[PDB]
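Engineer: Show me the folded form of this:
(6 chains)
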Amino acid sequence: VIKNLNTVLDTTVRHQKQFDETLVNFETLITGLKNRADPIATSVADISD
Amino acid sequence: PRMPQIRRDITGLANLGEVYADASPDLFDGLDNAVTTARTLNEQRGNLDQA
Amino acid sequence: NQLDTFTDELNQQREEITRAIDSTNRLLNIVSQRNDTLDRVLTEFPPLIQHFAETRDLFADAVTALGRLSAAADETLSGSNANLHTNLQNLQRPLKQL
Amino acid sequence: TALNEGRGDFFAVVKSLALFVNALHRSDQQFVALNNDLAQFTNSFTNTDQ
Amino acid sequence: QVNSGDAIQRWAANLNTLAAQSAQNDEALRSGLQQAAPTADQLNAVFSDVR
Amino acid sequence: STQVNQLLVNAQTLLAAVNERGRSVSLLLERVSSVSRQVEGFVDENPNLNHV
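Structural biologist: Numbers count the residues shown, from 1 in each chain, chains lettered A, B, ... in the order given. Okay, here it is:
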């Protein structure tokens, strides 16, 4: 457990800057999509129809 | 006083570890192929935006 | 006295602690042997997610514009699917004779 | 001694996980609904093999 | 997370499947983007002509 | 952590909103492939459309 957790943690630390930025970027993207979810879902359904 | 909560946390941790270990190979194969298609998407960001 | 209580309550959960250790060991072994995929994700996905967050509004506009086109297109093509077929099948003979 | 040398790191971990759980604990039904909705949404595109 | 374990396993498997399909058609995806950039412009031009 | 929780709940909301129309969304790929094949067949089977 210690060895494998150390491996995963050092892999994450190597990209700590990107791992930190991706949370904020994903939150911004998902919030922006949620604020227009109903038109987006309506449009997807209309495209399929 | 918070020992029932500790027991709940430990049991839930064991169960969640089992579930993640059962669902992990599919997740990582999907992440490999998603890395491939994400590299493809990154190489053509301008094409996607123009589209 | 409180140490007696705490040690008894911990000892009552030794089986669950052992099971959690085994479960975490299995999950961490699987992730350790997929560390390569983990590194690839952590290198190639954050730029894609950042770009998508930058152009979320454009994606929403594209989806909504396609939906605006497709709503009218669907209502037109569903309100005329059978009448057009009937008119074509009827006009087949006049077209041939003309 | 090994624990005491890493004691500051351990308690920084404790304070950070404390913030994490204090921010995420209330929306548990939301997380269950998120998992179910994600499963359904991915099922929407895997009804056949190709 | 434990209660919805079946759901997370299902979407992990579906992510694996969709990602595999997307990666196996990488060239098709690239050509699709490359052609989708100007074909919408062509359709828009034709429609705006008969607007 | 606040960003994590907000992203999770907003993802749940967005996925629910998309899934409520789950009958037509589930057929999106099949219908787009079908219409692609129909348009390809229509164009391929009428070489004389431009002459007309």
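
Engineer: My guess is residue F:19 contacts residue F:26. True?
Structural biologist: No: using C-beta atoms under 8 Å as the test, residue F:19 is too far from residue F:26 to be in contact (9.5 Å). All C-beta spots, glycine's among them, are computed from the backbone N, C-alpha and C.

Engineer: Name the residues contacting each of those two.
Structural biologist: residue D:44 (C-beta atoms under 8 Å, 6 or more residues apart in numbering or on different chains).

Engineer: Work out for me the element residue 6 sits within.
Structural biologist: No chain specified, so I'll use chain A. Assessed by DSSP states H and E, residue A:6 sits inside helix A:2-14.

Engineer: ah, I was thinking of chain F
Structural biologist: helix F:2-20.

Engineer: How about chain A: which residue is closest to chain C?
Structural biologist: residue A:43 (2.3 Å; C-beta to the nearest C-beta).

Engineer: what's the neighbour count on residue E:2?
Structural biologist: 16 (other C-beta atoms under 10 Å in any protein chain shown).

Engineer: So it, which state does it fall into?
Structural biologist: When classified by DSSP: H, G, I helix; E, B strand; the rest coil, residue E:2 comes out as coil.

Engineer: I figured it hits residue B:12, correct?
Structural biologist: Yes: Residue E:2 lies in contact with residue B:12 (C-beta under 8 Å); the separation is 5.6 Å.

Engineer: show me the contacts for residue B:7.
Structural biologist: Residue B:7 touches C:12, C:13, C:16, counting by C-beta under 8 Å, 6+ apart.

Engineer: What about the residues you listed, which are in strands?
Structural biologist: Judged by DSSP state E, the contacts of residue B:7 include no members of strands.

Engineer: Report the buried members of those.
Structural biologist: Using 16 or more other C-beta atoms under 10 Å in any protein chain shown as the burial test, these include C:13, C:16 as buried.

Engineer: Okay, and which of the contacts of residue B:7 map to helices?
Structural biologist: If you go by DSSP state H, these have residue C:16 in helices.

Engineer: How about chain A: which residue is closest to chain B?
Structural biologist: Relative to chain B, the nearest point of chain A is residue A:1 (10.4 Å; C-beta to the nearest C-beta).

Engineer: Which residues of chain F lie near chain D?
Structural biologist: Proximity of chain F to chain D, by C-beta under 8 Å from any C-beta of the partner chain, involves residues F:1-2, F:4-5, F:8-9, F:11-12, F:15-16, F:18-19, F:22, F:25-26, F:28-30.

Engineer: Check those residues one by one and keep those near chain B.
Structural biologist: Okay, of the residues of chain F next to chain D, nothing touches chain B (C-beta under 8 Å from any C-beta).

Engineer: Can you give the distance of stretch A:30-49 from its chain's centre?
Structural biologist: Centroid displacement of stretch A:30-49 relative to its chain, using C-alpha atoms, centre = their mean, to the nearest Å, is 18 Å.

Engineer: From one end of that stretch to the other, what's the distance?
Structural biologist: Counting by C-alpha to C-alpha, to the nearest Å, you get 25 Å between the two ends of stretch A:30-49.

Engineer: touching chain B at all, it?
Structural biologist: No: Stretch A:30-49 stays clear of chain B (C-beta under 8 Å from any C-beta), getting no nearer than 14.8 Å.

Engineer: buried residues in that stretch?
Structural biologist: For stretch A:30-49, by 16+ other C-beta under 10 Å, it's A:30-37, A:40-49.

Engineer: Next one: residue D:46 from residue E:11, what distance?
Structural biologist: 10 Å (C-beta to C-beta, to the nearest Å).

Engineer: The two: which has the busier surroundings?
Structural biologist: Taking residue D:46 and residue E:11 together and counting by other C-beta under 10 Å, residue E:11 has the greater number of neighbours (26 against 18).

Engineer: What is the helix or strand hosting residue E:20 packed up against?
Structural biologist: Secondary-structure assignment from DSSP H and E places residue E:20 in helix E:5-24. Applying 3 or more C-beta pairs under 8 Å, 6 or more residues apart in numbering or on different chains; DSSP states H and E, one finds that helix E:5-24 contacts helix B:3-43, helix D:28-43.

Engineer: Tabulate those helices in TSV, adding columns for distance to residue C:49.
Structural biologist: Converted to TSV, the helices and strands packed on helix E:5-24 look like this (distance: least, C-beta to C-beta, whole Å):
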stretch	distance to residue C:49
helix B:3-43	9
helix D:28-43	17
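
Engineer: Among these, single out whichever gets nearest to residue D:3.
Structural biologist: Proximity of these to residue D:3 was assessed by C-beta to C-beta; the nearest stretch is helix B:3-43, lying at 19.3 Å.
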